[PDB]
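# A closer look at the structure
If you want the building blocks of each chain, they are given just below.
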Amino acid sequence: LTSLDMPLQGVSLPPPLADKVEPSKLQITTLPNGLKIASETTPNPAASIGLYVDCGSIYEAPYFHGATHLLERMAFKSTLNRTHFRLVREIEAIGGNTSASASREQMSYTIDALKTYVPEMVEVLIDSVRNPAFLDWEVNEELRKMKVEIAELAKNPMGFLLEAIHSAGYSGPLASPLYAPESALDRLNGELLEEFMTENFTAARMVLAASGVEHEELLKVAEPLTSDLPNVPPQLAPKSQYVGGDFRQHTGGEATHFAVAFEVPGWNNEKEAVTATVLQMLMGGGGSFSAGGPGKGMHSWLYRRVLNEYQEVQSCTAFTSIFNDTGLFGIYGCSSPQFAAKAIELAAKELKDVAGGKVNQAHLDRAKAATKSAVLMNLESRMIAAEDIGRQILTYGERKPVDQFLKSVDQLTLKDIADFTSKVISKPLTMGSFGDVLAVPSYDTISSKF
Amino acid sequence: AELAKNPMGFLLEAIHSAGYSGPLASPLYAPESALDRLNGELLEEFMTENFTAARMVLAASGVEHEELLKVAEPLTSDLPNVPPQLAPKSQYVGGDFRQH
Amino acid sequence: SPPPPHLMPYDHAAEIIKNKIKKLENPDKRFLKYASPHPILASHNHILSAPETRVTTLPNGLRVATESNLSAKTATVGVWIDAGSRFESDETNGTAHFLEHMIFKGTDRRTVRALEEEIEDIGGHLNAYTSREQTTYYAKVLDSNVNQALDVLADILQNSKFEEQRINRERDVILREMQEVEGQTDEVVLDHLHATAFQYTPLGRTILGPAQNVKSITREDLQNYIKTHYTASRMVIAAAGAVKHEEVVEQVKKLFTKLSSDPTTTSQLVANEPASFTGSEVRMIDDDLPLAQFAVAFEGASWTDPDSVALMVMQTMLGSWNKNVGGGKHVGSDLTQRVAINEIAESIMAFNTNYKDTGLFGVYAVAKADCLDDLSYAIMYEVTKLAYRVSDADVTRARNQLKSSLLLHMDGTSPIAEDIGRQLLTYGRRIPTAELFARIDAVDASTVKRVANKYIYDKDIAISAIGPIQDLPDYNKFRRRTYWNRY
Amino acid sequence: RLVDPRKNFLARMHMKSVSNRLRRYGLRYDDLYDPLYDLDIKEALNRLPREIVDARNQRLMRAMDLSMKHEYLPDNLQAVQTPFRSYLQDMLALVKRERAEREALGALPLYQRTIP
Amino acid sequence: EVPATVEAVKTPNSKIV
Ligand SMILES: [Zn+2]
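Residues numbered from 1 in each chain as written, not as in the entry; some residues may be left out. Chains lettered and ligands numbered in written order. Part of a larger assembly, values for the part shown. Heavy atoms only, no water.

Short version of the rule: UniProt positions are given in the numbering used here, feature names are shortened, and annotations may be inferred rather than shown by experiment.
The PDB entry annotates chain D as Cytochrome b-c1 complex subunit 7-2, mitochondrial of Arabidopsis thaliana. What the PDB entry is called, per its title line, is "Cryo-EM structure of the Arabidopsis thaliana I+III2 supercomplex (CIII MPP domain)". Its UniProt record, at the heading Subcellular location, says of chain D: "Mitochondrion inner membrane".

Right, here's the structure in full:
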């Protein structure tokens, strides 16, 4: 043909889009069985359709340990109406991509394709979640690849520590592992998965959020496939109690790790969530294992203090894991196997320093701008937009505007940062270490620092 | 590897390190990471500075003292007289073990 | 009397499994209405509408390209430069990467801390990336700070200080980076593949360069590099998101005044120092690594060659896969099917790399030592099959997947700005989606066979392997497996 | 069909003779289906629950022991045999259906026989 | 010092003899 530097002759060019497009408004339709369908029209030619369920490992207790992550692996397999092979072929015929995510309190199933294939996407997604066949050979295959997915867990110190301190920080449902032990998997099978899914996957616990489709077409395709679902009355998620705790696996060798965490308010309580996010940005930090790209957190308190005043540190940053009614704010760290005590001292001192009020307004504005730009930028993505719609309609049912969050960020003073950090570290701490723990101090000594 | 099969001894070992701080919290059963570094020279350095005469007792039940001394003295009298070192001090602090 | 068929435990289990199978025997047709496993070529030039991409050329040859989304709250603004390691010399090799390290190190107006404090005070991000033929510096900022980001970029490009102590500190940072070339084995394998495939050409040099060059780097070296290469006709300023073309053009006209205007032009540079392919291999045998990684490649196509689109379709046909993919045994790609069905790799990935005058088309795989022989057979078989047997269904499915991936990956201001800059550098224009789709659907089975017979059939290959690779087949066996003697 | 015992009496004699020959050894008709005969049988057997396959294998061992000894089952044991109780045919048919679906869409086979 | 194989693996050479 012609070289790509010359325009192709005889091509029908569609008219250009306007430089200013009026945003669309979320439409939320509730079915009599309690299932909510939401969508927003989008100018780009991509559609993201997801199903979000308020099930998770907080429902496995006591007899379904490991069911959530197995269900995550068993997504988009053989249905009662279609084989796995046929379903993969239908997804690939329209250039689609599937994904499933499992959390302690939420599961999601998403498909992404061009917006002209919405009926196929909706049909394949509902068949998948409503009609799993749970064939024994498919379950056994996904269980072998679950053993690898759990054994390679020790290769991610941040993730391993995060789960470990979730286990050591709570007592009730939140303490149930999201990565079940190997003994807990020799019991799981197709009958168990079916019994678990039928109990928890109800219409009033499920949201169909579709970013990039007209609501009329989505309703026309999805209504005949979800109304059959019966009305199941709304139960209550179980309660979890935050306690203290220490996690310690002395493996020996080198390259110790740790994570000191405290309790923070959940997603409910909508002024302090923000105080936690802005705190996380304020401490900030970085992985300290790679570099490249200014503005990623090189001038936060954690970075500028540890990585610019004390060498031989392999990782140091802050994390956050907020649930509906509770959360975990903490600080990571790698250090060196004998430098561990000094590392924990540094971390505790930093928490105490922001607790007292040793942070100036310049850093507060810096962290505030970082929070606002992080939230606004992460909404550039269509995937994140759809997932946010689904999660927020599952949790609040409203999809609160981002502007309210932006004002709370810009209503934060130093007195707020100070009182919240003071409250957070006045409560029991969750300590977790992984590697060589012999030189790592005790739980009591670290607890006495705060 | 064949130690978790006995919960008694496994817990008895774990609560030594979970309750003491310092030398007495050092495992008698080392993890399978300090083993990849153990070699004959590391054991020879450990033995030369620890297996000294003043820390050694030769005890016999069923033997006469005379010829026992007769045999033992030429094989041990040439050990150097080294000063007694103070025992490393441990501290009971209390603590918690756990593994699911 | 025999027992009834639920007394014995095994009979009961047989009954249960038989009942499940009968349940699967009768499908429900409400869920079988729309989706089809057969791929169909579809024309949907209506949804393909997009905002206009405005391109303005300044009097000095500078180009400003914007994609306006005024509903967006953010923007991405940056500079894309037709410069990289390929346009250096042997003794200057590594200078571009050193400049990438040194560019955020302060200017006459701003010191390192001022620059970081200005940026992260608005919550912005500053990114620098250099490759063999392309260099880009860009900022992700809120809609308000477009002018500030443009000022920051113009200042760092035109008025950098390059302090000698800063240069010496970065010298040791980069020297340690060279001493720590490990842990990223994919990047190492591709570097060695480039080095052996493009032997004795500028394209074969690494971005990092040799240690003696970084040791010898001084201020005047960096200033001479910027003077030689960062010229108006080689630079594109690209903005996407909440930006107006006119304001960006005015700001660029105000700020980008003291450029170089060197007459050196990229087409002449490529002409006098061309890149050629040399059939060859490098085998880094290390029997302590747990996994082997290798790449096999043919000489590919340049950016502007019409066959590049067909090579993209062919790359989609070969596909990519790793052990965490759920349905590798069922995909349209026969290579992925073979790998997933027989468990003969940890990961497989087909690549199509384009440059100004040549390219690389090949497969990268990670596998255990004992799988290597079968894996190599499968890769060569499925690549050579493209010259002999191509089904209409496979090429249709690959066309659909390629169009979908091209449109789906283009989400966010940063990917759009990168697409604008890359296209303006490689094509001289941003190819509209309808034209790209029309070029893609012109690739039929006969087109794939023709392109494969031009690039793959009976052709020299370049191999780069590292790890327990003693059972990886030698160069003659890979070379023999490029044709089929039964045809 | 002519192979229907209810409709054709010749098929009734055939089924009676086959059942009597199977009952002398305690074998089910599905026990005659060998994994080595086709990869479809092998796949169907691999998809069955373990206790069923163990029962099949035990019946095969019992039949081989009887055949080696030039003996039949005792009549008390023969009275409780169910020679035509199936455990394999439905799974075999499902495997065949999946194989045909793979072939129709142009996919590679999930398994193949070795060339001797 | 660094052995030759490590140096070769760490430094791709486009001037191979
Ligand atoms: Zn670098």
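## Regarding the overall build of chain A
Here is the rule: Only DSSP runs of H or I with at least four residues qualify as helices, and only runs of E with at least two residues qualify as strands; both kinds are numbered from the N terminus onward. What the globule rule says is 2.2 Å times the number of residues to the power 0.38, and the radius of gyration is computed from C-alpha atoms. Burial classes follow relative accessibility: with a 1.4 Å probe on protein chains only, a residue under 20% of its type's maximum area counts as buried, one over 50% as exposed, and anything between as partly exposed. Here, residues are in contact when the closest pair of their heavy atoms is within 4.5 Å.
On a plain count of helices and strands, chain A comes out with 16 helices and twelve strands. A compact globule built from 450 residues should have a C-alpha radius of gyration of about 22 Å, and chain A, at 24 Å, falls within 12% of that. The C-alpha extent of chain A, read off along each of the three principal axes, is 65 × 55 × 50 Å. Taken over 450 residues, chain A has a buried fraction of 55%. The long-range share in chain A, meaning contacts at least 24 apart out of those at least 6 apart in sequence, stands at 81%.

## A few points about the interface of chain C and chain E
Put simply, the test is: In this description, buried area is defined as the sum, over both parts, of the accessible area (probe of 1.4 Å) that is lost when the two are combined. By convention in these notes, a salt bridge is any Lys or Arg side-chain nitrogen within 4 Å of a carboxyl oxygen on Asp or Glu. We define a polar contact as two N or O atoms separated by no more than 3.5 Å, with the added condition that, inside protein, one atom must be a possible hydrogen donor and the other a possible acceptor, whereas residues neighbouring each other in sequence contribute only through side-chain atom pairs.
Tallying the contact residues gives 18 residues for chain C and ten residues for chain E. Of the roughly 1000 Å² buried between chain C and chain E, counting both surfaces, carbon and sulfur atoms make up 61%. Area buried by chain C at its contact with chain E is led by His192(C), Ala195(C) and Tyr200(C), which between them contribute 44% of it. Counting across the chain C and chain E interface gives zero salt bridges. Summed over the shared surface of chain C and chain E, the result is five residue pairs in polar contact.

## Section: the pattern of salt bridges
Following the criterion strictly, the structure yields 62 salt bridges over all chains and no others. Between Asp96(B) and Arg98(B) there is a salt bridge, with the nearest N and O atoms lying 2.8 Å from each other. For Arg28(D), the salt bridge goes to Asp11(C), with nearest N and O atoms at 2.7 Å. In this pair, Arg28(D) is assigned in the loop between α1 (9–23) and α2 (39–46) and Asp11(C) in helix α1 (residues 9–25), connecting two distinct chains. Accessibility expressed as a relative area gives 6% for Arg28(D), which makes it buried. According to the relative accessible area criterion, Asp11(C) is buried, its value standing at 6%.

## Notes on the packing of α1(C) against helix α5 (residues 89–104) of chain D
For the record, the criterion: Helix axes are fitted only over the stretch in contact, all axes being lines through C-alpha atoms; the angle between N-to-C directions runs from 0 to 180 degrees. Take the far helix as the reference: if the near one is turned anticlockwise from it by less than a right angle, the crossing is left-handed, and if turned clockwise, right-handed. Under the scheme applied, nonpolar residues are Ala, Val, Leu, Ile, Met, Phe, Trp, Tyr, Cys and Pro; charged residues are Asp, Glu, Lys and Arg; polar residues are all the others, including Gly.
For the pair α1(C) and α5(D), interaxial distance at closest approach is 10 Å and the crossing angle is 35°. The way α1(C) lies across α5(D) gives a crossing that is left-handed. Side by side, α1(C) and α5(D) meet where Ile17(C), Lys18(C), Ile21(C), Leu24(C) and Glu25(C) of the first sit next to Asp90(D), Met91(D), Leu94(D) and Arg97(D) of the second. Taken together, the residues of the contact of α1(C) with α5(D) break down into five nonpolar, no polar and four charged.

## A word on the interface of chain A and chain C
Taken together, the contact pairs 77 residues of chain A with 78 residues of chain C. For the chain A and chain C pair, buried surface summed over both sides reaches about 7000 Å², with 59% attributable to carbon and sulfur atoms. Where chain A packs against chain C, one counts two salt bridges. The shortest N-O distance in the salt bridge between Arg366(A) and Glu117(C) comes to 3.2 Å.

## Let's talk about the arrangement of the chains
Highest in contacts among the five pairs of chains that touch are chains A and C. Chain D makes no contact with chain B, the minimum C-alpha separation between the two being 28 Å. When C-alpha atoms are compared, chain A and chain E, though not in contact, are closest at a spacing of 18 Å.

## Observations regarding the coordination of the zinc ion
All names here are of chain C. Let me state the cut-off plainly: Sodium, potassium and calcium take a 3.2 Å donor cutoff, other metals 2.8 Å, and in both cases only N, O and S atoms count; water is not among them, so sites may look incomplete.
On the protein side, the zinc ion has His97 (NE2), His101 (NE2) and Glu177 (OE) as donor atoms, found 2.3 to 2.6 Å from it. Each donor residue of the zinc ion belongs to the same chain, and together they define the spacing H-x3-H-x75-E. Within this pair, whereas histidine 97 is found in helix α2 (residues 95–102), its partner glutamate 177 is found in helix α5 (residues 164–179), the two being separated by 80 residues in sequence. On the accessibility criterion, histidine 97 (6% relative accessible area) is buried.

## Focus on a negative patch on the surface
All names here are of chain A. Note the following rule: A residue counts toward a patch only above 30% relative accessible area and without a salt bridge, and it is joined to like-charged neighbours within 9 Å or, for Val, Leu, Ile, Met, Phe, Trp and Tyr, to nonpolar neighbours within 5 Å. Only the protein chains shown count as cover for residues, and the accessible areas themselves come from Shrake-Rupley with a 1.4 Å probe. Charged residues are defined narrowly, with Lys and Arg counted positive, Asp and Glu counted negative, and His plus the chain ends left uncounted. Where a charge lies is defined by one atom per residue type: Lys uses NZ, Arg uses CZ, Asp uses CG and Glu uses CD.
A cluster of like negative charges, contributed by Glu191, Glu194, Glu195 and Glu199, occupies part of the molecular surface. With respect to the helices, strands and loops of the structure, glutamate 194 is situated in helix α7 (residues 190–200). Of the residues examined, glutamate 194 reaches a relative accessible area of 47% and is grouped as partly exposed.

## Section: the side chain of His330(C)
Mapped onto the fold, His330(C) is located in the loop between β9 (320–322) and α12 (334–342). Among the polar contacts listed, one links the side chain of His330(C) to the side chain of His84(A), at a separation of 3.5 Å. Apart from the residues lying within four places of it in its own chain, the contact partners of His330(C) are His84(A), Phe85(A), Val88(A), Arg89(A), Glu92(A) and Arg102(D).

## Digging into the sheet that holds strand β6 (residues 206–211) of chain A
Residue and element names in this part refer to chain A. Convention followed: Two strands qualify as a pair provided DSSP detects at least 2 bridges between them.
On the basis of which strands lie adjacent, the open sheet formed by six strands has the order β1-β2-β6-β3-β5-β4 and mixed pairing. Of all strands in the sheet, those bounded by a partner on one side alone are β1 (27–30) and β4 (97–102). Between one strand and the next, the sheet's axes are offset by a mean angle of 15°, whatever the strand orientation. On the sheet, helix α3 (residues 118–130) packs against β3 (47–53), β5 (107–113) and β6 and is oriented at approximately 20° with respect to β3.

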